[PDB]
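**Student:** What follows is start.txt; its format and atoms are compact mmCIF, N, CA, C and O atoms.
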```txt
# COMPACT_ATOMS: atom_id res chain seq x y z
N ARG A 1 0.84 -1.22 0.00
CA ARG A 1 0.00 0.00 0.00
C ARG A 1 0.86 1.25 0.00
O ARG A 1 1.97 1.25 0.54
N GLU A 2 0.34 2.31 -0.62
CA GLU A 2 1.03 3.59 -0.73
C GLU A 2 2.29 3.48 -1.59
O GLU A 2 3.38 3.88 -1.18
N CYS A 3 2.11 2.97 -2.80
CA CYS A 3 3.22 2.84 -3.74
C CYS A 3 3.35 4.16 -4.47
O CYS A 3 2.35 4.78 -4.83
N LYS A 4 4.58 4.62 -4.65
CA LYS A 4 4.82 5.90 -5.29
C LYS A 4 4.92 5.75 -6.80
O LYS A 4 5.79 5.05 -7.32
N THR A 5 4.03 6.43 -7.50
CA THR A 5 4.00 6.41 -8.96
C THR A 5 3.42 7.73 -9.45
O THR A 5 2.38 8.17 -8.96
N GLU A 6 4.10 8.38 -10.38
CA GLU A 6 3.62 9.65 -10.89
C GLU A 6 2.31 9.45 -11.64
O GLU A 6 2.08 8.41 -12.26
N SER A 7 1.44 10.44 -11.56
CA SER A 7 0.14 10.37 -12.21
C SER A 7 0.27 10.47 -13.72
O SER A 7 0.65 11.51 -14.26
N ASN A 8 -0.09 9.39 -14.39
CA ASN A 8 -0.07 9.35 -15.84
C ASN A 8 -1.23 10.17 -16.37
O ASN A 8 -1.19 10.69 -17.48
N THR A 9 -2.26 10.28 -15.54
CA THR A 9 -3.45 11.04 -15.86
C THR A 9 -3.17 12.54 -15.86
O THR A 9 -3.75 13.29 -16.65
N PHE A 10 -2.29 12.97 -14.96
CA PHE A 10 -1.92 14.38 -14.83
C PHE A 10 -1.24 14.88 -16.12
O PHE A 10 -0.12 14.48 -16.43
N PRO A 11 -1.93 15.74 -16.88
CA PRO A 11 -1.43 16.26 -18.14
C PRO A 11 -0.59 17.53 -18.00
O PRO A 11 -0.81 18.51 -18.73
N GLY A 12 0.37 17.53 -17.09
CA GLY A 12 1.20 18.71 -16.93
C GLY A 12 2.12 18.65 -15.74
O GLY A 12 2.42 17.57 -15.21
N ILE A 13 2.57 19.82 -15.32
CA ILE A 13 3.48 19.96 -14.19
C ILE A 13 2.68 20.08 -12.89
O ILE A 13 1.59 20.65 -12.88
N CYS A 14 3.22 19.54 -11.80
CA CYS A 14 2.56 19.60 -10.51
C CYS A 14 2.57 21.03 -9.98
O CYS A 14 3.51 21.46 -9.30
N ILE A 15 1.54 21.78 -10.33
CA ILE A 15 1.43 23.17 -9.91
C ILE A 15 0.75 23.27 -8.56
O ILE A 15 1.12 24.08 -7.72
N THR A 16 -0.26 22.42 -8.35
CA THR A 16 -1.00 22.40 -7.11
C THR A 16 -1.44 20.98 -6.75
O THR A 16 -1.58 20.13 -7.63
N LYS A 17 -1.65 20.74 -5.46
CA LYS A 17 -2.07 19.42 -4.98
C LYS A 17 -3.52 19.09 -5.41
O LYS A 17 -3.77 17.97 -5.84
N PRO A 18 -4.49 20.03 -5.28
CA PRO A 18 -5.90 19.78 -5.65
C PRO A 18 -6.08 19.04 -7.00
O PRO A 18 -6.77 18.03 -7.05
N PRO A 19 -5.47 19.52 -8.12
CA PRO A 19 -5.60 18.84 -9.42
C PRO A 19 -4.95 17.46 -9.40
O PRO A 19 -5.49 16.50 -9.95
N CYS A 20 -3.81 17.38 -8.75
CA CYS A 20 -3.07 16.12 -8.61
C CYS A 20 -3.90 15.11 -7.81
O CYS A 20 -3.92 13.92 -8.12
N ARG A 21 -4.59 15.61 -6.79
CA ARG A 21 -5.44 14.80 -5.92
C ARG A 21 -6.40 13.93 -6.73
O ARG A 21 -6.36 12.70 -6.66
N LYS A 22 -7.28 14.59 -7.47
CA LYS A 22 -8.28 13.93 -8.27
C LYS A 22 -7.67 13.06 -9.37
O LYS A 22 -8.27 12.07 -9.79
N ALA A 23 -6.47 13.41 -9.82
CA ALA A 23 -5.79 12.64 -10.85
C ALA A 23 -5.46 11.25 -10.31
O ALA A 23 -5.60 10.24 -11.00
N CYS A 24 -5.05 11.21 -9.05
CA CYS A 24 -4.72 9.96 -8.38
C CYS A 24 -5.99 9.18 -8.08
O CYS A 24 -6.00 7.95 -8.11
N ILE A 25 -7.07 9.91 -7.78
CA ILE A 25 -8.36 9.29 -7.46
C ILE A 25 -8.96 8.59 -8.68
O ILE A 25 -9.48 7.48 -8.57
N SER A 26 -8.87 9.24 -9.84
CA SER A 26 -9.39 8.66 -11.07
C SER A 26 -8.58 7.42 -11.43
O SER A 26 -9.13 6.41 -11.90
N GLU A 27 -7.28 7.48 -11.17
CA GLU A 27 -6.42 6.34 -11.42
C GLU A 27 -6.50 5.38 -10.24
O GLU A 27 -7.32 5.56 -9.34
N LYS A 28 -5.68 4.35 -10.24
CA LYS A 28 -5.70 3.37 -9.17
C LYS A 28 -4.74 3.77 -8.05
O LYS A 28 -3.70 3.13 -7.86
N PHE A 29 -5.08 4.83 -7.32
CA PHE A 29 -4.25 5.33 -6.21
C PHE A 29 -5.14 5.73 -5.03
O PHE A 29 -6.17 5.11 -4.78
N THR A 30 -4.73 6.79 -4.32
CA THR A 30 -5.47 7.30 -3.17
C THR A 30 -5.03 8.73 -2.86
O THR A 30 -5.86 9.63 -2.73
N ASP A 31 -3.72 8.96 -2.80
CA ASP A 31 -3.20 10.30 -2.55
C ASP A 31 -2.29 10.71 -3.69
O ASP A 31 -1.95 9.90 -4.55
N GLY A 32 -1.90 11.97 -3.68
CA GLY A 32 -1.01 12.50 -4.67
C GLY A 32 -0.50 13.84 -4.22
O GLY A 32 -1.14 14.52 -3.42
N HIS A 33 0.65 14.19 -4.70
CA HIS A 33 1.31 15.43 -4.33
C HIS A 33 2.47 15.67 -5.28
O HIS A 33 2.69 14.88 -6.17
N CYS A 34 3.23 16.72 -5.07
CA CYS A 34 4.36 16.98 -5.94
C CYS A 34 5.58 16.23 -5.41
O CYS A 34 5.92 16.36 -4.23
N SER A 35 6.21 15.44 -6.26
CA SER A 35 7.38 14.66 -5.86
C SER A 35 8.55 15.59 -5.56
O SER A 35 8.88 16.47 -6.35
N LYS A 36 9.17 15.38 -4.39
CA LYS A 36 10.30 16.20 -3.95
C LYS A 36 11.61 15.84 -4.66
O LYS A 36 12.66 15.70 -4.03
N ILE A 37 11.54 15.72 -5.97
CA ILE A 37 12.69 15.41 -6.80
C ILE A 37 12.66 16.34 -8.01
O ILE A 37 13.66 16.94 -8.39
N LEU A 38 11.47 16.47 -8.57
CA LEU A 38 11.22 17.34 -9.70
C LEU A 38 9.93 18.10 -9.41
O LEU A 38 9.80 18.70 -8.35
N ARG A 39 8.96 18.04 -10.31
CA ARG A 39 7.70 18.71 -10.06
C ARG A 39 6.56 17.99 -10.78
O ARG A 39 5.76 18.60 -11.50
N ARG A 40 6.46 16.69 -10.55
CA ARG A 40 5.40 15.89 -11.13
C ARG A 40 4.48 15.38 -10.03
O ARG A 40 4.90 15.24 -8.88
N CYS A 41 3.24 15.13 -10.40
CA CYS A 41 2.24 14.64 -9.47
C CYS A 41 2.55 13.20 -9.07
O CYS A 41 2.32 12.27 -9.83
N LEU A 42 3.08 13.05 -7.87
CA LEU A 42 3.43 11.75 -7.33
C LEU A 42 2.25 11.18 -6.56
O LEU A 42 1.98 11.59 -5.43
N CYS A 43 1.56 10.25 -7.18
CA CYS A 43 0.41 9.62 -6.57
C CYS A 43 0.83 8.38 -5.78
O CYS A 43 1.82 7.72 -6.11
N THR A 44 0.07 8.06 -4.74
CA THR A 44 0.33 6.90 -3.92
C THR A 44 -0.83 5.92 -4.08
O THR A 44 -1.98 6.31 -3.97
N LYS A 45 -0.54 4.65 -4.38
CA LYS A 45 -1.61 3.68 -4.58
C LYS A 45 -1.61 2.60 -3.52
O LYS A 45 -0.55 2.13 -3.10
N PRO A 46 -2.81 2.18 -3.08
CA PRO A 46 -2.99 1.13 -2.06
C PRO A 46 -2.62 -0.26 -2.59
O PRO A 46 -3.45 -1.16 -2.65
N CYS A 47 -1.37 -0.39 -2.99
CA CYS A 47 -0.82 -1.62 -3.53
C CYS A 47 -0.69 -2.69 -2.45
O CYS A 47 -0.23 -3.80 -2.76
```
Show me this structure written as structure tokens.
**Tutor:**
Amino acid sequence: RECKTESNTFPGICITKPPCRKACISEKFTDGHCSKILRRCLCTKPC
């Protein structure tokens, strides 16, 4: 659970958590945020 994978659904740069949030929800995840490496929506899935 909580596997780190960038949102493939997210069509851009991680500007804000709100858009990233729903991107992870639509996909097979639960949470999402900006990855502290670059600036992509890093979603977490209940793997």
**Student:** Taking the DSSP assignment computed from this structure's backbone, write out as a VMD selection string all residues of chain A that belong to alpha helix (DSSP H).
**Tutor:** chain A and resid 17 to 26
**Student:** Grab the atom CA of residue A:35 to atom CA of residue A:20 distance for me, in Å with one decimal place.
**Tutor:**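 Between atom CA of residue A:35 and atom CA of residue A:20 the gap is 10.9 Å.
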**Student:** Using only C-alpha atoms for the distances, tell me which of A:18, A:26, A:34, A:41 is nearest to residue A:6.
**Tutor:**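 The answer is A:41, which sits nearest to residue A:6.
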**Student:** So which residues of chain A fall under strand (DSSP E) by DSSP, listed as a list in words?
**Tutor:**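 Matching residues, listed in order: residues 3, 4, 5, 6, 31, 32, 33, 34, 41, 42, 43, 44 and 45 of chain A.
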**Student:** If we draw a sphere of 6 Å around (7.4, 16.9, -11.8), which residues have at least one atom in it when counting only C-alpha atoms? Please report them as an mmCIF file with N, CA, C and O atoms, keeping the file's coordinate frame.
**Tutor:**
```
data_model
loop_
_atom_site.group_PDB
_atom_site.id
_atom_site.type_symbol
_atom_site.label_atom_id
_atom_site.label_comp_id
_atom_site.auth_asym_id
_atom_site.auth_seq_id
_atom_site.Cartn_x
_atom_site.Cartn_y
_atom_site.Cartn_z
ATOM 1 N N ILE A 13 2.570 19.820 -15.320
ATOM 2 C CA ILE A 13 3.480 19.960 -14.190
ATOM 3 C C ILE A 13 2.680 20.080 -12.890
ATOM 4 O O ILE A 13 1.590 20.650 -12.880
ATOM 5 N N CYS A 14 3.220 19.540 -11.800
ATOM 6 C CA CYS A 14 2.560 19.600 -10.510
ATOM 7 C C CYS A 14 2.570 21.030 -9.980
ATOM 8 O O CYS A 14 3.510 21.460 -9.300
ATOM 9 N N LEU A 38 11.470 16.470 -8.570
ATOM 10 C CA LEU A 38 11.220 17.340 -9.700
ATOM 11 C C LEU A 38 9.930 18.100 -9.410
ATOM 12 O O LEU A 38 9.800 18.700 -8.350
ATOM 13 N N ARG A 39 8.960 18.040 -10.310
ATOM 14 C CA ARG A 39 7.700 18.710 -10.060
ATOM 15 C C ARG A 39 6.560 17.990 -10.780
ATOM 16 O O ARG A 39 5.760 18.600 -11.500
ATOM 17 N N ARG A 40 6.460 16.690 -10.550
ATOM 18 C CA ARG A 40 5.400 15.890 -11.130
ATOM 19 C C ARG A 40 4.480 15.380 -10.030
ATOM 20 O O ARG A 40 4.900 15.240 -8.880
#
```
